[PDB]
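K.L.:
Okay, so here is coords13.pdb, and as you'll see once you scroll down, it has PDB, C-alpha atoms.
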ATOM      1  CA  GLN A   1      30.428 109.902 134.866  1.00  0.00           C
ATOM      2  CA  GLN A   2      27.039 108.367 134.097  1.00  0.00           C
ATOM      3  CA  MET A   3      26.213 105.208 132.198  1.00  0.00           C
ATOM      4  CA  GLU A   4      22.978 104.287 130.411  1.00  0.00           C
ATOM      5  CA  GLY A   7      17.492  98.968 126.513  1.00  0.00           C
ATOM      6  CA  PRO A   8      19.951  98.360 123.679  1.00  0.00           C
ATOM      7  CA  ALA A   9      21.480 101.344 121.912  1.00  0.00           C
ATOM      8  CA  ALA A  10      21.063 102.087 118.210  1.00  0.00           C
ATOM      9  CA  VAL A  11      24.462 103.715 117.807  1.00  0.00           C
ATOM     10  CA  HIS A  12      24.716 102.084 114.354  1.00  0.00           C
ATOM     11  CA  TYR A  13      21.163 103.041 113.339  1.00  0.00           C
ATOM     12  CA  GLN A  14      20.676 102.986 109.568  1.00  0.00           C
ATOM     13  CA  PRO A  15      18.145 105.655 108.504  1.00  0.00           C
ATOM     14  CA  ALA A  16      14.838 104.379 107.113  1.00  0.00           C
ATOM     15  CA  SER A  17      14.693 107.219 104.555  1.00  0.00           C
ATOM     16  CA  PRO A  18      16.945 108.765 101.916  1.00  0.00           C
ATOM     17  CA  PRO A  19      18.996 111.778 103.042  1.00  0.00           C
ATOM     18  CA  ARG A  20      17.080 114.969 103.781  1.00  0.00           C
ATOM     19  CA  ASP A  21      17.803 116.690 100.468  1.00  0.00           C
ATOM     20  CA  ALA A  22      16.813 113.504  98.592  1.00  0.00           C
ATOM     21  CA  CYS A  23      13.284 113.281 100.042  1.00  0.00           C
ATOM     22  CA  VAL A  24      10.042 114.351  98.397  1.00  0.00           C
ATOM     23  CA  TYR A  25       9.115 117.589 100.138  1.00  0.00           C
ATOM     24  CA  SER A  26       6.557 120.367  99.768  1.00  0.00           C
ATOM     25  CA  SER A  27       6.428 123.142 102.351  1.00  0.00           C
ATOM     26  CA  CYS A  28       3.200 123.228 104.407  1.00  0.00           C
ATOM     27  CA  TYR A  29       2.222 119.708 103.251  1.00  0.00           C
ATOM     28  CA  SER A  30       4.008 117.680 105.934  1.00  0.00           C
ATOM     29  CA  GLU A  31       1.097 115.227 106.058  1.00  0.00           C
ATOM     30  CA  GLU A  32       1.977 114.323 102.460  1.00  0.00           C
ATOM     31  CA  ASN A  33       5.732 114.512 103.096  1.00  0.00           C
ATOM     32  CA  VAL A  34       5.325 111.898 105.841  1.00  0.00           C
ATOM     33  CA  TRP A  35       3.026 109.813 103.624  1.00  0.00           C
ATOM     34  CA  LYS A  36       5.759 109.697 100.969  1.00  0.00           C
ATOM     35  CA  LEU A  37       8.228 108.544 103.634  1.00  0.00           C
ATOM     36  CA  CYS A  38       5.871 105.723 104.634  1.00  0.00           C
ATOM     37  CA  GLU A  39       5.530 104.758 100.965  1.00  0.00           C
ATOM     38  CA  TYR A  40       9.317 104.665 100.570  1.00  0.00           C
ATOM     39  CA  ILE A  41       9.712 102.493 103.676  1.00  0.00           C
ATOM     40  CA  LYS A  42       7.011 100.177 102.318  1.00  0.00           C
ATOM     41  CA  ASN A  43       8.601  99.778  98.873  1.00  0.00           C
ATOM     42  CA  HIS A  44      12.131  99.656 100.242  1.00  0.00           C
ATOM     43  CA  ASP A  45      12.564  96.290 101.902  1.00  0.00           C
ATOM     44  CA  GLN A  46      14.670  97.518 104.832  1.00  0.00           C
ATOM     45  CA  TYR A  47      12.369  97.870 107.851  1.00  0.00           C
ATOM     46  CA  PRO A  48       8.920  96.464 108.634  1.00  0.00           C
ATOM     47  CA  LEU A  49       6.290  99.151 108.094  1.00  0.00           C
ATOM     48  CA  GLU A  50       4.756  98.159 111.450  1.00  0.00           C
ATOM     49  CA  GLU A  51       7.722  99.725 113.288  1.00  0.00           C
ATOM     50  CA  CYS A  52       6.820 103.172 111.909  1.00  0.00           C
ATOM     51  CA  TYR A  53       4.120 105.700 112.761  1.00  0.00           C
ATOM     52  CA  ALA A  54       2.750 108.932 111.396  1.00  0.00           C
ATOM     53  CA  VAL A  55       2.460 111.439 114.244  1.00  0.00           C
ATOM     54  CA  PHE A  56       0.055 114.366 113.941  1.00  0.00           C
ATOM     55  CA  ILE A  57       0.734 117.217 116.379  1.00  0.00           C
ATOM     56  CA  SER A  58      -2.056 119.715 117.045  1.00  0.00           C
ATOM     57  CA  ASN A  59      -4.591 120.807 119.667  1.00  0.00           C
ATOM     58  CA  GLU A  60      -8.219 121.896 119.929  1.00  0.00           C
ATOM     59  CA  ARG A  61      -7.434 125.520 119.024  1.00  0.00           C
ATOM     60  CA  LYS A  62      -5.078 124.402 116.201  1.00  0.00           C
ATOM     61  CA  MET A  63      -2.197 126.504 117.565  1.00  0.00           C
ATOM     62  CA  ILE A  64       0.914 124.490 118.484  1.00  0.00           C
ATOM     63  CA  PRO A  65       4.463 125.845 118.816  1.00  0.00           C
ATOM     64  CA  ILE A  66       7.341 123.789 117.437  1.00  0.00           C
ATOM     65  CA  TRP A  67      10.953 124.863 117.932  1.00  0.00           C
ATOM     66  CA  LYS A  68      14.029 124.178 115.782  1.00  0.00           C
ATOM     67  CA  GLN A  69      11.935 124.620 112.631  1.00  0.00           C
ATOM     68  CA  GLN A  70      13.370 125.636 109.266  1.00  0.00           C
ATOM     69  CA  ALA A  71      10.606 128.184 108.651  1.00  0.00           C
ATOM     70  CA  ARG A  72      11.995 130.118 111.653  1.00  0.00           C
ATOM     71  CA  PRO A  73      15.765 129.738 112.076  1.00  0.00           C
ATOM     72  CA  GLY A  74      16.828 130.691 115.571  1.00  0.00           C
ATOM     73  CA  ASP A  75      15.504 130.037 119.072  1.00  0.00           C
ATOM     74  CA  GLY A  76      11.892 131.029 118.411  1.00  0.00           C
ATOM     75  CA  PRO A  77       8.985 128.711 117.641  1.00  0.00           C
ATOM     76  CA  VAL A  78       6.825 128.285 114.587  1.00  0.00           C
ATOM     77  CA  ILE A  79       3.141 128.125 115.503  1.00  0.00           C
ATOM     78  CA  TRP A  80       1.433 125.566 113.273  1.00  0.00           C
ATOM     79  CA  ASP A  81      -2.212 124.680 113.051  1.00  0.00           C
ATOM     80  CA  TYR A  82      -0.869 121.114 112.871  1.00  0.00           C
ATOM     81  CA  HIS A  83       2.383 119.353 112.007  1.00  0.00           C
ATOM     82  CA  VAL A  84       3.185 115.779 110.985  1.00  0.00           C
ATOM     83  CA  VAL A  85       6.413 113.831 111.530  1.00  0.00           C
ATOM     84  CA  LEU A  86       7.459 110.199 111.155  1.00  0.00           C
ATOM     85  CA  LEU A  87       8.341 108.095 114.192  1.00  0.00           C
ATOM     86  CA  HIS A  88      10.402 104.921 113.799  1.00  0.00           C
ATOM     87  CA  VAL A  89      10.571 102.624 116.820  1.00  0.00           C
ATOM     88  CA  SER A  90      13.683 100.595 116.054  1.00  0.00           C
ATOM     89  CA  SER A  91      13.776  96.922 116.986  1.00  0.00           C
ATOM     90  CA  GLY A  92      15.861  97.570 120.102  1.00  0.00           C
ATOM     91  CA  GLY A  93      13.369 100.139 121.420  1.00  0.00           C
ATOM     92  CA  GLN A  94      15.194 103.340 120.447  1.00  0.00           C
ATOM     93  CA  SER A  95      12.822 105.750 118.696  1.00  0.00           C
ATOM     94  CA  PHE A  96      13.779 108.194 115.931  1.00  0.00           C
ATOM     95  CA  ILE A  97      11.908 111.215 114.553  1.00  0.00           C
ATOM     96  CA  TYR A  98      11.953 112.066 110.832  1.00  0.00           C
ATOM     97  CA  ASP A  99      10.934 115.723 110.432  1.00  0.00           C
ATOM     98  CA  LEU A 100      11.789 117.171 107.015  1.00  0.00           C
ATOM     99  CA  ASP A 101      11.047 120.630 108.482  1.00  0.00           C
ATOM    100  CA  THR A 102      13.445 120.510 111.444  1.00  0.00           C
ATOM    101  CA  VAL A 103      16.952 121.925 111.662  1.00  0.00           C
ATOM    102  CA  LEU A 104      17.775 119.085 114.091  1.00  0.00           C
ATOM    103  CA  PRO A 105      19.362 115.970 112.525  1.00  0.00           C
ATOM    104  CA  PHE A 106      17.330 113.909 110.060  1.00  0.00           C
ATOM    105  CA  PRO A 107      16.613 111.450 111.592  1.00  0.00           C
ATOM    106  CA  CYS A 108      16.831 112.616 115.213  1.00  0.00           C
ATOM    107  CA  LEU A 109      16.839 110.639 118.451  1.00  0.00           C
ATOM    108  CA  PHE A 110      13.379 110.783 120.015  1.00  0.00           C
ATOM    109  CA  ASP A 111      14.565 112.199 123.342  1.00  0.00           C
ATOM    110  CA  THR A 112      16.516 114.951 121.574  1.00  0.00           C
ATOM    111  CA  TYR A 113      13.587 115.934 119.340  1.00  0.00           C
ATOM    112  CA  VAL A 114      11.237 116.097 122.331  1.00  0.00           C
ATOM    113  CA  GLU A 115      13.739 118.145 124.348  1.00  0.00           C
ATOM    114  CA  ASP A 116      14.703 120.699 121.674  1.00  0.00           C
ATOM    115  CA  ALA A 117      11.812 120.814 119.182  1.00  0.00           C
ATOM    116  CA  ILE A 118       8.813 120.118 121.434  1.00  0.00           C
ATOM    117  CA  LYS A 119       9.909 121.130 124.963  1.00  0.00           C
ATOM    118  CA  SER A 120       7.851 120.873 128.138  1.00  0.00           C
ATOM    119  CA  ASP A 121       4.200 121.900 128.210  1.00  0.00           C
ATOM    120  CA  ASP A 122       4.591 122.778 131.907  1.00  0.00           C
ATOM    121  CA  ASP A 123       5.569 126.421 131.293  1.00  0.00           C
ATOM    122  CA  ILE A 124       3.482 126.845 128.128  1.00  0.00           C
ATOM    123  CA  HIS A 125       0.196 128.737 128.150  1.00  0.00           C
ATOM    124  CA  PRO A 126      -2.389 125.918 128.239  1.00  0.00           C
ATOM    125  CA  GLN A 127      -4.154 126.848 124.986  1.00  0.00           C
ATOM    126  CA  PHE A 128      -0.854 126.175 123.140  1.00  0.00           C
ATOM    127  CA  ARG A 129      -0.197 122.743 124.637  1.00  0.00           C
ATOM    128  CA  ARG A 130       0.473 119.875 122.254  1.00  0.00           C
ATOM    129  CA  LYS A 131      -1.462 116.673 121.613  1.00  0.00           C
ATOM    130  CA  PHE A 132      -0.281 113.775 119.473  1.00  0.00           C
ATOM    131  CA  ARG A 133      -2.176 111.380 117.213  1.00  0.00           C
ATOM    132  CA  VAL A 134      -0.042 108.303 116.510  1.00  0.00           C
ATOM    133  CA  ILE A 135      -1.103 106.207 113.506  1.00  0.00           C
ATOM    134  CA  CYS A 136       0.611 103.026 112.352  1.00  0.00           C
ATOM    135  CA  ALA A 137       2.320 103.712 109.031  1.00  0.00           C
ATOM    136  CA  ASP A 138       0.478 100.754 107.494  1.00  0.00           C
ATOM    137  CA  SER A 139      -2.876 102.153 108.617  1.00  0.00           C
ATOM    138  CA  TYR A 140      -1.751 105.606 107.457  1.00  0.00           C
ATOM    139  CA  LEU A 141      -0.918 104.398 103.946  1.00  0.00           C
ATOM    140  CA  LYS A 142      -4.172 102.423 103.772  1.00  0.00           C
ATOM    141  CA  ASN A 143      -6.581 105.132 104.963  1.00  0.00           C
ATOM    142  CA  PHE A 144      -5.178 108.652 104.568  1.00  0.00           C
ATOM    143  CA  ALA A 145      -6.739 110.730 101.799  1.00  0.00           C
ATOM    144  CA  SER A 146      -6.480 114.436 101.016  1.00  0.00           C
ATOM    145  CA  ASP A 147      -7.862 116.406  98.074  1.00  0.00           C
ATOM    146  CA  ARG A 148      -5.820 119.429  99.293  1.00  0.00           C
ATOM    147  CA  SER A 149      -9.008 121.541  99.351  1.00  0.00           C
ATOM    148  CA  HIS A 150      -7.916 122.951 102.733  1.00  0.00           C
ATOM    149  CA  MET A 151      -5.059 124.796 100.986  1.00  0.00           C
ATOM    150  CA  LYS A 152      -7.182 126.956  98.657  1.00  0.00           C
ATOM    151  CA  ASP A 153      -7.395 130.614  99.645  1.00  0.00           C
ATOM    152  CA  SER A 154     -10.251 133.147  99.773  1.00  0.00           C
ATOM    153  CA  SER A 155     -10.621 133.105  95.969  1.00  0.00           C
ATOM    154  CA  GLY A 156      -9.810 129.476  95.168  1.00  0.00           C
ATOM    155  CA  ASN A 157      -6.075 129.997  94.626  1.00  0.00           C
ATOM    156  CA  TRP A 158      -3.305 128.071  96.364  1.00  0.00           C
ATOM    157  CA  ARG A 159      -2.184 129.364  99.742  1.00  0.00           C
ATOM    158  CA  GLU A 160       0.976 127.289  99.183  1.00  0.00           C
ATOM    159  CA  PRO A 161       1.968 125.582  95.906  1.00  0.00           C
ATOM    160  CA  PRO A 162       0.852 121.941  95.999  1.00  0.00           C
ATOM    161  CA  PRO A 163       3.183 118.947  95.715  1.00  0.00           C
ATOM    162  CA  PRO A 164       3.945 117.840  92.126  1.00  0.00           C
ATOM    163  CA  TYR A 165       2.059 114.522  92.113  1.00  0.00           C
ATOM    164  CA  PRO A 166      -1.627 113.519  92.147  1.00  0.00           C
ATOM    165  CA  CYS A 167      -3.692 113.832  95.306  1.00  0.00           C
ATOM    166  CA  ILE A 168      -3.474 110.901  97.700  1.00  0.00           C
ATOM    167  CA  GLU A 169      -6.674 108.876  97.344  1.00  0.00           C
ATOM    168  CA  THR A 170      -8.201 105.710  98.743  1.00  0.00           C
ATOM    169  CA  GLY A 171     -11.152 103.651  97.591  1.00  0.00           C
ATOM    170  CA  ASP A 172     -13.033 104.881 100.667  1.00  0.00           C
ATOM    171  CA  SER A 173     -12.311 108.618 100.683  1.00  0.00           C
ATOM    172  CA  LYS A 174     -10.900 111.598  98.810  1.00  0.00           C
ATOM    173  CA  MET A 175     -10.590 113.808 101.902  1.00  0.00           C
ATOM    174  CA  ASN A 176     -10.323 112.783 105.559  1.00  0.00           C
ATOM    175  CA  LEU A 177      -7.469 115.040 106.695  1.00  0.00           C
ATOM    176  CA  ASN A 178      -9.617 116.570 109.445  1.00  0.00           C
ATOM    177  CA  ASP A 179      -9.938 113.090 110.972  1.00  0.00           C
ATOM    178  CA  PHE A 180      -6.152 113.169 111.447  1.00  0.00           C
ATOM    179  CA  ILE A 181      -5.716 116.760 112.660  1.00  0.00           C
ATOM    180  CA  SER A 182      -8.493 116.190 115.197  1.00  0.00           C
ATOM    181  CA  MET A 183      -7.240 115.251 118.651  1.00  0.00           C
ATOM    182  CA  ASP A 184     -10.613 113.755 119.584  1.00  0.00           C
ATOM    183  CA  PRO A 185      -9.936 110.085 120.471  1.00  0.00           C
ATOM    184  CA  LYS A 186     -13.481 109.281 119.280  1.00  0.00           C
ATOM    185  CA  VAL A 187     -12.510 110.289 115.716  1.00  0.00           C
ATOM    186  CA  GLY A 188     -10.234 108.661 113.166  1.00  0.00           C
ATOM    187  CA  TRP A 189      -7.402 106.158 113.454  1.00  0.00           C
ATOM    188  CA  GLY A 190      -4.533 105.565 115.841  1.00  0.00           C
ATOM    189  CA  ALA A 191      -4.181 106.764 119.413  1.00  0.00           C
ATOM    190  CA  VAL A 192      -4.306 110.318 120.775  1.00  0.00           C
ATOM    191  CA  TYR A 193      -1.814 111.200 123.517  1.00  0.00           C
ATOM    192  CA  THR A 194      -0.952 114.166 125.663  1.00  0.00           C
ATOM    193  CA  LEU A 195       2.703 115.206 125.657  1.00  0.00           C
ATOM    194  CA  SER A 196       3.359 113.276 128.879  1.00  0.00           C
ATOM    195  CA  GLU A 197       1.614 110.162 127.536  1.00  0.00           C
ATOM    196  CA  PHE A 198       3.512 110.486 124.248  1.00  0.00           C
ATOM    197  CA  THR A 199       6.944 110.697 125.887  1.00  0.00           C
ATOM    198  CA  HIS A 200       6.061 108.070 128.499  1.00  0.00           C
ATOM    199  CA  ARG A 201       5.140 105.744 125.626  1.00  0.00           C
ATOM    200  CA  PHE A 202       8.064 106.257 123.230  1.00  0.00           C
ATOM    201  CA  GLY A 203      10.743 107.933 125.337  1.00  0.00           C
ATOM    202  CA  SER A 204      13.596 105.984 126.856  1.00  0.00           C
TER     203      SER A 204
END
Would you give me this structure, written as structure tokens?
P.N.:
Amino acid sequence: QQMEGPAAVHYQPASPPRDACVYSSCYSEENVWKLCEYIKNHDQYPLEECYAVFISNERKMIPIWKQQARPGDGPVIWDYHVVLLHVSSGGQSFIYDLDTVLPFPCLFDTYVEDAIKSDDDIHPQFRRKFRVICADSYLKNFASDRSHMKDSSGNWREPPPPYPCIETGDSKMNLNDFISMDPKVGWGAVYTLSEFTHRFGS
């Protein structure tokens, strides 16, 4: 037997159920944005408890396991991937990944163990870095004109989401500032996998 700060055994999800969420494949930066917007307009949790988390690396080649685009025990290799992190008031963190086969939401430790796994036995060019942006800052500053999703001849590589492009008064396109893992660029903090789990893991 082994015992276990406070536990969120009665955690109420900050989002609608998985099948009720706005979702477009290969637009997880917008899928997470729409979750932040919901949390903002819903008056359930403070937006300051939530973060958008960009996962990528310098070579833009990151494996993620337990992904719906690859059912089974193999990884999907993304150029980048975005999830939502909710640090509940007791300290327990939850991951909202509309693309995972793990629960939605998922306990932070479980998502790190099954979806992310250790970088120790991963070829170093595939190792993951994390940019953590406050959901309030994310809603206030993120902009994407989706131009990165046009193909060789100006057609869509993936069909876009069915709502207008996310815009701010300051920019129509700063997605590269979020995919970048350069701490001298953009908003939020950039962490290695160890720093990320040291920060939010229990």
K.L.:
Would you work out the distance separating CA of residue 83 (chain A) from CA of residue 130 (chain A), expressed in Å to one decimal?
P.N.:
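A separation of 10.4 Å between them.
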K.L.:
To test the calculation: enclose all listed atoms of region 93-103 of chain A in a box whose edges run along x, y and z, add 8 Å on each side, then state centre and edge lengths in Å to one decimal, as AutoDock Vina command-line options.
P.N.:
--center_x 13.9 --center_y 111.0 --center_z 114.2 --size_x 22.0 --size_y 37.8 --size_z 30.4
K.L.:
With all atoms listed in the file counted and 12 Å as the cut-off, give the residues of region 97-199 of chain A in contact with region 19-23 of chain A, each with its shortest interatomic distance in Å and the pair that gives it, as CSV.
P.N.:
residue,atom,partner,partner_atom,distance
A:98,CA,A:20,CA,9.2
A:99,CA,A:20,CA,9.1
A:100,CA,A:20,CA,6.6
A:101,CA,A:20,CA,9.5
A:102,CA,A:20,CA,10.1
A:103,CA,A:20,CA,10.5
A:104,CA,A:20,CA,11.1
A:105,CA,A:20,CA,9.1
A:106,CA,A:20,CA,6.4
A:107,CA,A:20,CA,8.6
A:108,CA,A:20,CA,11.7
K.L.:
Go through A:134, A:175, A:114, A:89 and flag the residue nearest residue 56 (chain A), using all atoms listed in the file for the distances.
P.N.:
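Closest residue, counting all atoms listed in the file: A:134.
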K.L.:
Given the file shown, determine the residues that the PyMOL selection byres ((chain A and resi 35-47) around 9) selects; report them as an MDAnalysis selection string.
P.N.:
chainID A and resid 16:18 23:25 30:34 48:54 86 90 98 137:138 140:141 144 168
K.L.:
Name the residues in contact with region 180-183 of chain A at a cut-off of 8 Å, using only C-alpha atoms, excluding same-chain residues fewer than 2 positions from it; report them as a PDB file with C-alpha atoms, keeping the file's coordinate frame.
P.N.:
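Written file, selection_39.pdb:
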ATOM      1  CA  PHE A  56       0.055 114.366 113.941  1.00  0.00           C
ATOM      2  CA  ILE A  57       0.734 117.217 116.379  1.00  0.00           C
ATOM      3  CA  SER A  58      -2.056 119.715 117.045  1.00  0.00           C
ATOM      4  CA  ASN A  59      -4.591 120.807 119.667  1.00  0.00           C
ATOM      5  CA  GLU A  60      -8.219 121.896 119.929  1.00  0.00           C
ATOM      6  CA  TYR A  82      -0.869 121.114 112.871  1.00  0.00           C
ATOM      7  CA  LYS A 131      -1.462 116.673 121.613  1.00  0.00           C
ATOM      8  CA  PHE A 132      -0.281 113.775 119.473  1.00  0.00           C
ATOM      9  CA  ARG A 133      -2.176 111.380 117.213  1.00  0.00           C
ATOM     10  CA  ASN A 176     -10.323 112.783 105.559  1.00  0.00           C
ATOM     11  CA  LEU A 177      -7.469 115.040 106.695  1.00  0.00           C
ATOM     12  CA  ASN A 178      -9.617 116.570 109.445  1.00  0.00           C
ATOM     13  CA  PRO A 185      -9.936 110.085 120.471  1.00  0.00           C
ATOM     14  CA  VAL A 187     -12.510 110.289 115.716  1.00  0.00           C
ATOM     15  CA  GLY A 188     -10.234 108.661 113.166  1.00  0.00           C
ATOM     16  CA  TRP A 189      -7.402 106.158 113.454  1.00  0.00           C
ATOM     17  CA  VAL A 192      -4.306 110.318 120.775  1.00  0.00           C
TER      18      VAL A 192
END
K.L.:
Where does the PyMOL selection byres ((chain A and resi 63) around 7) land in this file, that is, which residues does it pick, as a PyMOL selection string?
P.N.:
chain A and resi 58-59+61-62+64-65+79-81+128
K.L.:
Using only C-alpha atoms, which of A:193, A:129, A:204, A:166 sits nearest residue 148 (chain A)?
P.N.:
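Checking each of A:193, A:129, A:204, A:166 against residue 148 (chain A), counting only C-alpha atoms, the winner is A:166.
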K.L.:
May I ask for the distance between CA of residue 28 (chain A) and CA of residue 160 (chain A), given in Å to one decimal place?
P.N.:
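Rounded to one decimal, the two atoms are 7.0 Å apart.
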K.L.:
Please indicate the distance in Å from CA of residue 97 (chain A) to CA of residue 12 (chain A), rounded to one decimal place.
P.N.:
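A separation of 15.7 Å between them.
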K.L.:
Residues near residue 94 (chain A), anyone? I mean within 12 Å using only C-alpha atoms, not counting same-chain ones fewer than 5 positions away, as a list in words.
P.N.:
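That gives residues 7, 8, 9, 10, 11, 12, 13, 51, 52, 87, 88, 89, 108, 109, 110, 111, 112, 201, 202, 203 and 204 of chain A.
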K.L.:
Output the residue selection produced by the PyMOL selection byres ((chain A and resi 159) around 12) on the file above, formatted as an mmCIF file with C-alpha atoms, keeping the file's coordinate frame.
P.N.:
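Now in selection08.cif:
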data_model
loop_
_atom_site.group_PDB
_atom_site.id
_atom_site.type_symbol
_atom_site.label_atom_id
_atom_site.label_comp_id
_atom_site.auth_asym_id
_atom_site.auth_seq_id
_atom_site.Cartn_x
_atom_site.Cartn_y
_atom_site.Cartn_z
ATOM 1 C CA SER A 27 6.428 123.142 102.351
ATOM 2 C CA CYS A 28 3.200 123.228 104.407
ATOM 3 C CA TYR A 29 2.222 119.708 103.251
ATOM 4 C CA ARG A 148 -5.820 119.429 99.293
ATOM 5 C CA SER A 149 -9.008 121.541 99.351
ATOM 6 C CA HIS A 150 -7.916 122.951 102.733
ATOM 7 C CA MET A 151 -5.059 124.796 100.986
ATOM 8 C CA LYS A 152 -7.182 126.956 98.657
ATOM 9 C CA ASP A 153 -7.395 130.614 99.645
ATOM 10 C CA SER A 154 -10.251 133.147 99.773
ATOM 11 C CA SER A 155 -10.621 133.105 95.969
ATOM 12 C CA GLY A 156 -9.810 129.476 95.168
ATOM 13 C CA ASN A 157 -6.075 129.997 94.626
ATOM 14 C CA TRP A 158 -3.305 128.071 96.364
ATOM 15 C CA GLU A 160 0.976 127.289 99.183
ATOM 16 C CA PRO A 161 1.968 125.582 95.906
ATOM 17 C CA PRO A 162 0.852 121.941 95.999
#
